[PDB]
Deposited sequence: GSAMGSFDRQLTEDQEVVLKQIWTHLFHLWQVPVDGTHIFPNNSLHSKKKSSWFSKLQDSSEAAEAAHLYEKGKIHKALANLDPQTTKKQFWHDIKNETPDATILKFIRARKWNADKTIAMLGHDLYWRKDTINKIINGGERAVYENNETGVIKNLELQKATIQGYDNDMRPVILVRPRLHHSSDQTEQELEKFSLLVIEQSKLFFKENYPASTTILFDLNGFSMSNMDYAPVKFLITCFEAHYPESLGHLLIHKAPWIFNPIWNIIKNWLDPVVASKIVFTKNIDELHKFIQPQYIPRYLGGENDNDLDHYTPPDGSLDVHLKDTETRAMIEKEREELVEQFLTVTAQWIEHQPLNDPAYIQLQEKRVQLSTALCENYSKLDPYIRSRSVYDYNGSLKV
């Protein structure tokens, strides 16, 4: 549940967005904000409801709220900044999948995929997806910085598709520094990933495991820890052996070469063959599913405005309004479930049985 104060914060954020989108609502019983004064209303509305996939709208907005310590103005500033930067890039990346990268011959992205530099390798003890990162296979020589960033964005969005209902909507990251050397070091993408993840994936980091760091890493760490927010800086734990990793991940997901039981082939990549993408061209069904979504979206807005004006928090009408918001939230996530085969090219995880949307 949520408290009085917290709910009022949530109501305020939805109110600001409603003012941007021209949704009737009265926010006094709980004009366009500075943070949203320079955004296009319908661009932002369509992009926001697209990026809503397997989390409920309330959970999506609460990530920003908690990221800004429950300060409404801070929260709406961060959310407007994200809406400005995101608009349609990421959605195109994740929906195109590896297939689009191959078809467009994006050499550096392809190289990163084929090295399996960063792969989703299972779930942690709290049911978060685990991205395994192996920096000993990194060379700044292998890709543009834009390429490395697009690759980063694709793996992070892939991870989001693994989020499980009733479990943290966040990703654990295992940096295996075995055999890492300064040949592999690249400060630019370090700092990119830090600031972009901080500004655009709030509350999306679960555990950050730095495993078998060599001595040459101590000075690197002295730099990176001063770029890190304190939130992330103690999401961070240094692990030395399989017994430490067991505190965070079960052996069935830990790669065999680390002492675990996961025998996934990390030295040879199998790219999506496209076998599972047959729904991508039945555009008629897809349009019907998107019409369903748009109807649910309008209903959710209407009910949400109702709930923001309703008094008191006692009311049986309040009971009903809350329950309706929950029901429409669930229906939106099921609708995304149904939409996914019609807009998203299958990833390697859809083929190897590990991802179910």
Missing segments of the deposited chain sequence, listed N- to C-terminal: 1-9, 40-73
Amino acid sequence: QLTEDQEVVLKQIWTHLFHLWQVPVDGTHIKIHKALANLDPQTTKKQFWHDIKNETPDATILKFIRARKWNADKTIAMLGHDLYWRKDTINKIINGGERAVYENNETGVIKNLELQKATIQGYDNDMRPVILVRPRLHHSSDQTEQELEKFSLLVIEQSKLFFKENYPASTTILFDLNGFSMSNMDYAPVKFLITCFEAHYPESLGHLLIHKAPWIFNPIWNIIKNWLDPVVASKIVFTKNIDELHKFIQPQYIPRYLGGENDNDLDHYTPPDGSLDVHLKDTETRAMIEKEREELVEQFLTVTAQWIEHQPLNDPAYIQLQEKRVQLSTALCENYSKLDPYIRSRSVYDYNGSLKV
From here on, numbers count along this sequence of modelled residues.
Greater mean Cα temperature factor according to the PDB record, 45-53 or 326-334: 45-53
Per the entry, higher mean C-alpha B factor between 311-319 and 56-64: 311-319
Highest-ranked of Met127, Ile173, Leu228, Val237 once sorted by CA temperature factor in the record: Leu228
From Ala100, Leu79, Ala233, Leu132, residue of greatest CA B-factor: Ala233
B-factor third for the C-alpha atom of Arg136 within its chain: lowest
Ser354 - which third its CA temperature factor falls in, relative to the rest of the chain: lowest
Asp263 - which third its CA temperature factor falls in, relative to the rest of the chain: lowest
Cα B factor band for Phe180 (lowest, middle or highest third within the chain): middle
CA B-factor placement of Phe192, once the chain's modelled residues are sorted into thirds: highest
